[PDB]
file structure.txt (compact mmCIF, C-alpha atoms)
# COMPACT_ATOMS: atom_id res chain seq x y z
CA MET A 1 -30.24 31.58 -1.56
CA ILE A 2 -26.70 30.62 -2.58
CA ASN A 3 -25.34 31.55 -6.01
CA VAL A 4 -23.13 28.70 -7.22
CA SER A 5 -22.95 29.92 -10.80
CA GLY A 6 -19.72 29.67 -12.75
CA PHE A 7 -20.16 32.46 -15.29
CA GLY A 8 -17.48 35.13 -15.15
CA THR A 9 -14.77 32.78 -13.89
CA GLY A 10 -11.32 33.78 -15.09
CA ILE A 11 -7.99 32.00 -14.91
CA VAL A 12 -4.55 33.61 -15.09
CA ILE A 13 -1.78 31.11 -15.85
CA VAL A 14 1.76 32.38 -15.33
CA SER A 15 4.77 30.15 -16.02
CA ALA A 16 8.34 30.75 -14.91
CA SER A 17 9.88 30.59 -18.38
CA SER A 18 7.32 29.91 -21.13
CA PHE A 19 4.93 32.72 -20.11
CA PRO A 20 6.68 34.94 -17.55
CA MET A 21 3.93 37.55 -17.85
CA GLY A 22 1.23 34.88 -18.14
CA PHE A 23 -1.93 34.53 -20.17
CA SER A 24 -5.65 34.45 -19.41
CA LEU A 25 -8.19 31.66 -19.89
CA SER A 26 -11.77 32.88 -20.28
CA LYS A 27 -13.15 30.83 -23.23
CA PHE A 28 -14.06 27.58 -21.50
CA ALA A 29 -15.55 24.54 -23.20
CA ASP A 30 -19.29 24.01 -23.61
CA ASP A 31 -19.42 20.20 -23.26
CA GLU A 32 -16.56 19.23 -20.94
CA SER A 33 -16.28 20.54 -17.39
CA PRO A 34 -14.42 23.88 -17.55
CA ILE A 35 -12.62 23.11 -14.26
CA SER A 36 -12.40 19.62 -12.77
CA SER A 37 -10.28 18.57 -9.80
CA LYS A 38 -9.66 15.14 -8.32
CA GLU A 39 -10.36 14.80 -4.61
CA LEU A 40 -7.33 15.77 -2.54
CA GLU A 41 -6.18 13.04 -0.15
CA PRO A 42 -3.75 14.61 2.35
CA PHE A 43 -4.36 12.03 5.11
CA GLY A 44 -4.33 8.28 5.49
CA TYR A 45 -5.49 5.73 8.02
CA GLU A 46 -4.05 2.41 9.18
CA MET A 47 -5.39 -0.37 11.40
CA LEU A 48 -3.56 -1.61 14.46
CA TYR A 49 -3.75 -5.23 15.57
CA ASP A 50 -6.11 -4.30 18.43
CA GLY A 51 -8.69 -2.76 16.10
CA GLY A 52 -7.45 0.76 16.76
CA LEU A 53 -6.99 3.49 14.18
CA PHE A 54 -3.92 5.55 13.31
CA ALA A 55 -4.09 8.71 11.18
CA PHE A 56 -1.04 10.06 9.37
CA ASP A 57 -0.06 12.53 6.67
CA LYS A 58 0.42 11.41 3.08
CA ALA A 59 1.68 13.27 0.03
CA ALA A 60 -1.18 14.81 -1.93
CA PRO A 61 -0.99 16.46 -5.36
CA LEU A 62 -3.77 18.65 -6.70
CA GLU A 63 -4.76 17.40 -10.16
CA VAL A 64 -6.67 20.18 -11.92
CA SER A 65 -8.03 20.04 -15.45
CA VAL A 66 -9.32 22.98 -17.49
CA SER A 67 -11.38 22.61 -20.66
CA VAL A 68 -11.22 25.17 -23.47
CA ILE A 69 -12.88 25.58 -26.85
CA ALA A 70 -10.94 24.04 -29.72
CA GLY A 71 -9.07 26.59 -31.81
CA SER A 72 -9.27 29.47 -29.34
CA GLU A 73 -6.35 31.64 -28.25
CA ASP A 74 -6.43 29.96 -24.84
CA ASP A 75 -6.16 26.58 -26.57
CA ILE A 76 -3.19 27.78 -28.63
CA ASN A 77 -1.45 29.15 -25.53
CA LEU A 78 -2.07 25.91 -23.63
CA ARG A 79 -0.65 23.90 -26.53
CA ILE A 80 2.43 26.14 -26.48
CA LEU A 81 2.72 25.44 -22.75
CA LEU A 82 2.39 21.69 -23.32
CA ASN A 83 4.95 21.59 -26.15
CA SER A 84 7.79 22.95 -24.00
CA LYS A 85 10.15 20.26 -22.75
CA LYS A 86 11.48 20.66 -19.21
CA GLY A 87 15.01 19.89 -20.41
CA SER A 88 15.25 23.01 -22.57
CA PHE A 89 15.24 25.44 -19.62
CA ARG A 90 17.70 26.29 -16.88
CA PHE A 91 17.51 24.88 -13.37
CA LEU A 92 16.90 26.32 -9.90
CA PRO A 93 16.25 24.87 -6.42
CA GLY A 94 12.61 25.37 -7.43
CA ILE A 95 10.73 23.32 -9.98
CA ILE A 96 11.30 23.37 -13.74
CA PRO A 97 8.92 26.03 -15.14
CA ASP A 98 6.97 26.80 -11.98
CA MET A 99 3.51 27.64 -13.32
CA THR A 100 0.74 29.03 -11.12
CA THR A 101 -2.96 29.58 -11.84
CA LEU A 102 -4.83 32.44 -10.20
CA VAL A 103 -8.51 31.53 -10.31
CA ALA A 104 -11.03 34.35 -9.93
CA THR A 105 -13.94 31.97 -9.52
CA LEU A 106 -16.69 34.62 -9.41
CA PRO A 107 -17.23 38.32 -8.69
CA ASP A 108 -17.14 37.05 -5.10
CA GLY A 109 -13.36 37.03 -5.46
CA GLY A 110 -12.45 33.45 -4.61
CA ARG A 111 -8.83 34.06 -5.64
CA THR A 112 -7.46 30.53 -5.65
CA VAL A 113 -3.67 30.72 -5.79
CA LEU A 114 -2.73 27.20 -6.90
CA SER A 115 1.03 27.22 -7.43
CA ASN A 116 4.14 25.02 -7.26
CA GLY A 117 3.05 22.92 -10.21
CA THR A 118 3.26 22.01 -13.88
CA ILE A 119 1.15 20.80 -16.78
CA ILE A 120 0.93 17.01 -17.11
CA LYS A 121 -1.26 16.01 -20.04
CA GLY A 122 -3.51 17.37 -22.77
CA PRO A 123 -4.57 16.82 -26.39
CA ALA A 124 -1.97 17.52 -29.07
CA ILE A 125 -4.41 17.58 -32.01
CA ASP A 126 -8.10 18.44 -32.20
CA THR A 127 -10.45 15.45 -32.35
CA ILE A 128 -13.54 15.66 -34.55
CA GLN A 129 -16.61 14.07 -32.98
CA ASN A 130 -19.39 12.14 -34.69
CA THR A 131 -21.51 15.30 -34.87
CA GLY A 132 -18.71 17.07 -36.75
CA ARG A 133 -17.99 19.66 -34.05
CA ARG A 134 -14.45 19.67 -32.68
CA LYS A 135 -14.36 18.34 -29.12
CA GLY A 136 -13.35 20.71 -26.35
CA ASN A 137 -9.75 20.27 -25.25
CA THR A 138 -9.05 19.39 -21.61
CA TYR A 139 -5.56 20.09 -20.25
CA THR A 140 -4.54 18.61 -16.90
CA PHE A 141 -2.06 20.21 -14.51
CA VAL A 142 -0.68 19.04 -11.18
CA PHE A 143 0.17 21.28 -8.24
CA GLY A 144 1.76 20.98 -4.82
CA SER A 145 0.58 24.29 -3.34
CA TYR A 146 -3.18 24.46 -2.79
CA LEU A 147 -3.71 27.31 -0.33
CA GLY A 148 -4.58 30.97 -0.76
CA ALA A 149 -8.36 30.93 -1.07
CA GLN A 150 -10.18 34.08 0.05
CA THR A 151 -13.85 34.79 0.74
CA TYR B 1 1.73 -37.86 18.10
CA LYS B 2 -0.51 -39.46 15.48
CA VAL B 3 -2.22 -37.22 12.93
CA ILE B 4 -5.42 -38.41 11.25
CA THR B 5 -6.30 -35.80 8.62
CA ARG B 6 -8.74 -37.51 6.22
CA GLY B 7 -8.51 -41.30 6.18
CA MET B 8 -4.71 -40.89 6.25
CA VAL B 9 -3.11 -41.94 9.54
CA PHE B 10 0.47 -40.91 10.33
CA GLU B 11 2.06 -42.34 13.46
CA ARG B 12 5.34 -41.25 15.07
CA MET B 13 4.69 -37.61 14.19
CA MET B 14 6.60 -34.90 16.07
CA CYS B 15 6.07 -31.15 15.98
CA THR B 16 9.00 -29.44 14.24
CA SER B 17 7.75 -25.88 13.75
CA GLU B 18 4.94 -23.50 14.62
CA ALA B 19 4.17 -19.91 13.63
CA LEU B 20 1.40 -17.89 15.26
CA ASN B 21 0.20 -14.79 13.43
CA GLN B 22 -1.66 -11.88 15.05
CA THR B 23 -3.06 -9.37 12.56
CA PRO B 24 -5.79 -6.72 12.39
CA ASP B 25 -7.53 -9.03 9.89
CA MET B 26 -8.46 -11.38 12.77
CA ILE B 27 -8.65 -9.97 16.30
CA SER B 28 -10.45 -12.80 18.12
CA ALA B 29 -8.69 -15.93 16.86
CA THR B 30 -5.07 -16.43 15.77
CA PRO B 31 -3.90 -18.14 12.58
CA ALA B 32 -1.19 -20.72 13.14
CA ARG B 33 0.96 -22.87 10.86
CA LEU B 34 1.95 -26.08 12.60
CA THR B 35 4.57 -28.30 10.96
CA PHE B 36 5.28 -31.89 12.01
CA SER B 37 7.98 -34.27 10.79
CA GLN B 38 7.93 -38.04 11.09
CA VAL B 39 10.42 -39.90 13.28
CA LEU B 40 12.12 -42.54 11.17
CA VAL B 41 12.47 -45.88 12.95
CA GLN B 42 14.38 -48.99 11.90
CA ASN B 43 11.39 -51.31 12.49
CA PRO B 44 8.01 -49.58 12.05
CA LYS B 45 6.32 -52.80 13.26
CA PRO B 46 8.06 -53.93 16.47
CA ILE B 47 7.70 -57.31 18.15
CA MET B 48 6.53 -57.36 21.78
CA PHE B 49 5.66 -59.98 24.41
CA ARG B 50 2.61 -60.23 26.64
CA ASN B 51 4.03 -61.68 29.86
CA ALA B 52 6.79 -60.24 32.01
CA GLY B 53 9.10 -63.27 31.95
CA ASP B 54 10.20 -63.44 28.34
CA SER B 55 12.03 -60.24 27.37
CA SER B 56 15.13 -60.36 25.24
CA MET B 57 18.17 -59.55 27.36
CA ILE B 58 19.41 -55.97 27.50
CA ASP B 59 23.14 -55.39 27.87
CA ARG B 60 24.57 -52.38 29.69
CA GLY B 61 28.24 -52.90 28.86
CA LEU B 62 30.84 -51.75 31.34
CA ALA B 63 29.46 -50.20 34.53
CA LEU B 64 32.31 -48.85 36.71
CA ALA B 65 30.67 -49.88 39.97
CA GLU B 66 30.50 -46.89 42.30
CA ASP B 67 31.27 -46.79 46.00
CA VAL B 68 29.66 -46.65 49.45
CA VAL B 69 30.89 -46.99 53.02
CA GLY B 70 28.49 -49.23 54.92
CA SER B 71 30.56 -52.19 56.18
CA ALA B 72 29.29 -55.77 56.38
CA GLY B 73 27.57 -55.18 59.72
CA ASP B 74 25.00 -52.80 58.23
CA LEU B 75 24.28 -55.16 55.34
CA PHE B 76 23.78 -57.94 57.87
CA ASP B 77 21.41 -55.90 60.02
CA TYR B 78 19.42 -54.98 56.92
CA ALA B 79 19.19 -58.64 55.88
CA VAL B 80 18.10 -59.55 59.42
CA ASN B 81 15.32 -56.96 59.35
call {"tool": "encode", "arguments": {"input": "structure.txt", "output": "structure tokens"}}
result
Amino acid sequence: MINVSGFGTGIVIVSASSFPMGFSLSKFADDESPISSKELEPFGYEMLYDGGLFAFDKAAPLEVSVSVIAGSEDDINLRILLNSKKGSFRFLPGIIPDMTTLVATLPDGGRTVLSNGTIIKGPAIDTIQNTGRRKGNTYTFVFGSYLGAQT
Amino acid sequence: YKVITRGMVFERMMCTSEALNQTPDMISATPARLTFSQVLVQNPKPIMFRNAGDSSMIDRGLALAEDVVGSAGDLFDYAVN
């Protein structure tokens, strides 16, 4: 058998300037997908005029999105991360607040080391659903480094 | 050429342009974009004559008759033959 459970997954988000020591996400949402990633597309194909095929490299960002329970400490930290303009920090040959997420996916020790990225979008205020329970908040980041997986 | 598209006959039609296109979208055949332009003539309906006698006379203007060396003897011998 193969255990594909997600319980016990932890995320450590460390930013260059906002959170130099980093914080930990462990209270994931109950309705939205706790971690959702768009399919990476690092290659492309083109058709020649003889019916042949050519395969080339194309730029590929990793769009990750983590969902957390509304009102939790992880949600507050992620809102602090979102409400930090890139123009208020100093500049380096690197990216403006380089933030990396270390994902311990299971006790297996997946250790995903997504780095070279930044937060893109997320909810500023909590939305109240029809049922009256505040909807889980999904924050999307983008990354350019997507290697480091173990086991 | 004369192009008859759909009940619309165009005489005195000459090809002006043509563009062949070879693309992966069509590997067997080739799209082409022909372009003809009409040749303007002073009299679209000319007047002809059936029999060989009765043409209008054509002038050639000045000729500047060119030269040979054959002498009258050769012309005579040719006329004799």
call {"tool": "atom_distance", "arguments": {"input": "structure.txt", "atom1": "CA of residue 4 (chain B)", "atom2": "CA of residue 38 (chain B)"}}
result
13.4 Å
call {"tool": "interface_residues", "arguments": {"input": "structure.txt", "of": "chain A", "to": "chain B", "cutoff": "12 Å", "atoms": "all atoms listed in the file", "output": "list in words"}}
result
residues 46, 47, 48, 49, 50, 51, 52 and 53 of chain A
call {"tool": "atom_distance", "arguments": {"input": "structure.txt", "atom1": "CA of residue 114 (chain A)", "atom2": "CA of residue 19 (chain A)"}}
result
16.2 Å
call {"tool": "residues_around", "arguments": {"input": "structure.txt", "residues": "residue 26 (chain A)", "least_positions_apart": "3", "cutoff": "9 Å", "atoms": "all atoms listed in the file", "output": "JSON, numbers by chain"}}
result
{"A": [8, 9, 10, 11, 12, 68, 74]}
call {"tool": "closest_residue", "arguments": {"input": "structure.txt", "among": "A:66, A:104, A:35, A:13", "to": "residue 122 (chain A)", "atoms": "only C-alpha atoms"}}
result
A:66
call {"tool": "residues_near_point", "arguments": {"input": "structure.txt", "point": "(1.2, 34.8, -18.9)", "cutoff": "12 Å", "atoms": "all atoms listed in the file", "output": "PDB file with C-alpha atoms, in the coordinates of the input"}}
result
ATOM      1  CA  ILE A  11      -7.990  32.000 -14.910  1.00  0.00           C
ATOM      2  CA  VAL A  12      -4.550  33.610 -15.090  1.00  0.00           C
ATOM      3  CA  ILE A  13      -1.780  31.110 -15.850  1.00  0.00           C
ATOM      4  CA  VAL A  14       1.760  32.380 -15.330  1.00  0.00           C
ATOM      5  CA  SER A  15       4.770  30.150 -16.020  1.00  0.00           C
ATOM      6  CA  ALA A  16       8.340  30.750 -14.910  1.00  0.00           C
ATOM      7  CA  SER A  17       9.880  30.590 -18.380  1.00  0.00           C
ATOM      8  CA  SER A  18       7.320  29.910 -21.130  1.00  0.00           C
ATOM      9  CA  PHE A  19       4.930  32.720 -20.110  1.00  0.00           C
ATOM     10  CA  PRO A  20       6.680  34.940 -17.550  1.00  0.00           C
ATOM     11  CA  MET A  21       3.930  37.550 -17.850  1.00  0.00           C
ATOM     12  CA  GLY A  22       1.230  34.880 -18.140  1.00  0.00           C
ATOM     13  CA  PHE A  23      -1.930  34.530 -20.170  1.00  0.00           C
ATOM     14  CA  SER A  24      -5.650  34.450 -19.410  1.00  0.00           C
ATOM     15  CA  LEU A  25      -8.190  31.660 -19.890  1.00  0.00           C
ATOM     16  CA  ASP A  74      -6.430  29.960 -24.840  1.00  0.00           C
ATOM     17  CA  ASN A  77      -1.450  29.150 -25.530  1.00  0.00           C
ATOM     18  CA  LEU A  78      -2.070  25.910 -23.630  1.00  0.00           C
ATOM     19  CA  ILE A  80       2.430  26.140 -26.480  1.00  0.00           C
ATOM     20  CA  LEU A  81       2.720  25.440 -22.750  1.00  0.00           C
ATOM     21  CA  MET A  99       3.510  27.640 -13.320  1.00  0.00           C
ATOM     22  CA  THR A 100       0.740  29.030 -11.120  1.00  0.00           C
ATOM     23  CA  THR A 101      -2.960  29.580 -11.840  1.00  0.00           C
ATOM     24  CA  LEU A 102      -4.830  32.440 -10.200  1.00  0.00           C
TER      25      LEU A 102
END
call {"tool": "atom_distance", "arguments": {"input": "structure.txt", "atom1": "CA of residue 59 (chain A)", "atom2": "CA of residue 147 (chain A)"}}
result
15.0 Å
